[PDB]
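The next block holds one structure in the form of structure tokens; read it before the comments.
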RNA sequence: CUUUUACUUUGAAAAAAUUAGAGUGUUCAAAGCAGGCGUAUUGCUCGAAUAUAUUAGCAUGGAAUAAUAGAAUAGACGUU
């Protein structure tokens with residue numbers, strides 16, 4: 099098939115990932131049916147505190163729909179087909195600098211194309227099935243900076259455990275300090 | 001080709017008399033621009049200041065304060 103479902107050209111970790119995708123449409127019917135056209139960019143490993151990895155997907159963009167359609171299954175077959183591993187879903191979003199003064203016009207920025215936006219989206223798609231409820235942020239005497247993130251108290255089992263990892267994955271990408279809370 | 005301002009530094013350019021002020025015994029002082037010594041038998045000299053003198057304008061170092069300007073139907077450098 100699979101090099102296909104890679105969306106670049108190169109490639110070491112991806113082709114096993116492509117393989118395990120072209121394996122579920124091979125093995126599971128119900129699963130080809132949705133999965134067949136769902137293309138991706140590249141992957142990035144990222145380490146977490148207690149030994150345990152985390153499997154960093156990056157999305158073309160459009161299907162974030164496609165992908166959300168069958169995530170809450172897809173991951174579960176993948177977490178088994180890869181160990182330790184945390185598989186995630188997030189999009190690659192064309193951030194931009196602010197126009198300086200000697201700068202330029204180009205055309206704009208389209209708000210949602212700004213550092214915080216993207217960082218808000220990075221949110222929605224670090225968790226996903228839970229839905230964000232409530233945000234909160236700290237400011238400590240060493241200008242800390244800490245987001246509390248508020249969660250809904252329903253489906254946090256989809257995955258809890260993750261969590262220890264989540265904090266990290268939102269750290270390499272950004273250089274930040276993230277926490278959660280289950281409210282009662 | 002080098003946005004612009006105010007503000008501030010200095011510095012000059014600046015009329016003396018006045019005003020402040022150094023000298024100096026008009027006998028003192030108010031003054032004044034004088035006086036001082038010798039071989040006072042025939043020649044020597046010290047000076048006659050500084051400073052204030054603002055408001056406008058120049059030249060000037062400051063770059064805090066307070067304004068203002070560059071680029072959001074697109075500009076900035078350019079090796080092509």
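Residue numbers (the numbering used here): 99 to 282. Even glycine gets a Cβ: it sits at the ideal position worked out from N, Cα and C.
Pairing residue 155 with residue 180 gives a Cβ-Cβ distance that is not under 8 Å. Residue ranges of uninterrupted alpha helix (DSSP H) with 4 or more members, entirely inside the segment 188 to 231 and ordered along the chain, are 217 to 222. For a cut-off of 8 Å, the C-beta gap from residue 151 to residue 183 is around 5 Å, short enough to register as a contact. Ranked by how close their Cα comes to the Cα of residue 213, the residues 206, 224 and 192 have 192 in first place.
Straight through space, the alpha carbons of residue 274 and residue 216 are spaced by roughly 14 Å. The segment 102 to 115 makes no contact with the segment 220 to 238, as fewer than three CB pairs between them are under 8 Å.
Counting only the Cα atoms, residue 249 lies some 25 Å from residue 175. About 6 Å separates the beta carbons of residue 267 and residue 144, which is inside the 8 Å limit, making them a contact pair. A check of alpha carbon separations from residue 264 across 103, 148, 172 and 160 identifies 148 as the nearest. At a Cβ-Cβ threshold of 8 Å, residue 157 and residue 190 count as neighbours. Counting C-beta pairs closer than 8 Å gives three or more between the segment 162 to 176 and the segment 124 to 135, which meets the contact rule. With fewer than 16 other Cβ atoms inside 10 Å of its own Cβ, residue 204 counts as exposed.
Under the three-state reduction of DSSP output, residue 266 falls in the helix class. Bounds of the alpha helix (DSSP H) holding residue 177 are 176 to 179. Classified as buried, residue 173 has 16 or more neighbouring CB atoms from the shown chains inside 10 Å of its CB.
Less than 8 Å divides the Cβ of residue 245 from the Cβ of residue 233.
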